[PDB]
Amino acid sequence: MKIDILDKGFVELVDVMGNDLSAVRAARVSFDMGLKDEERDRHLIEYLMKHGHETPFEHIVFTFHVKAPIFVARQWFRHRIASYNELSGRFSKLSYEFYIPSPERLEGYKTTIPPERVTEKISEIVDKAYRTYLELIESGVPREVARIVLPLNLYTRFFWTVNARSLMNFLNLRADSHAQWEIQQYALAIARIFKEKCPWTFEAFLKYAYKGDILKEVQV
């Protein structure tokens, strides 16, 4: 499962532990019970979501592999209840790719110059910063110093291990119109993979707990 985001980004599912029944099993230990049948198990997921019983959902875990601009990674990495491993800016080899917004990214905004010129101006400063970085590297400046001139739209990569409860909090905050459009796009991809692996939890989440707007207006 890999979903392309923006001009060069992606969200890829690396691994997953459990499914909707993992939350059913974790919740049923409360009354000294285990699993039952599909209809009763789906009814239990809805019940847990409708009444705020969130801890059973922590037993479902995902590992994603994400390629995203640093300005998006910075917002994402604010979610502390998760595990991260990212490309090292000090020692890693990079692809040196950058997010260049298309003119449509500026639709709705009254700009003094055409949106096409905004796209061109961003490519131009990206090209100059990248060339300056290459000149510094070629002259023996260490990468940890030379890379500080690179713009915030430079692409990075990281592994993200997160349980369904923390993933639903991430979706509440990022799959929402108050979040930056670029991270909303990534949150739609995370929601799509979550829905495929945990359909009952995802449907119950949208029905009872989801506080955002875009997941109820856009089919994922």
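Numbers follow the displayed sequence, beginning with 1.
Looking at mean Cα B-factors across 79 to 87 and 116 to 124, the upper value is held by 116 to 124. When 140 to 148 is weighed against 105 to 113, 105 to 113 comes out higher, by mean CA B-factor as recorded in the entry.
Across the residues 181, 160, 186, 47, the deposited record lists the maximum Cα B factor for 47. When the CA B factors of the chain's modelled residues are split into thirds, the value for residue 3 lands in the middle one.
Ranked against the other modelled residues of its chain, the C-alpha B-factor of residue 51 as given in the entry falls in the highest third. When all modelled residues of the chain are sorted by CA temperature factor, residue 153 is found within the lowest third.
Compared with the other modelled residues of the chain, the Cα B-factor recorded for residue 164 ranks in the lowest third. Residue-level temperature factors show residue 177 in the middle third of its chain, judged at the C-alpha atom.
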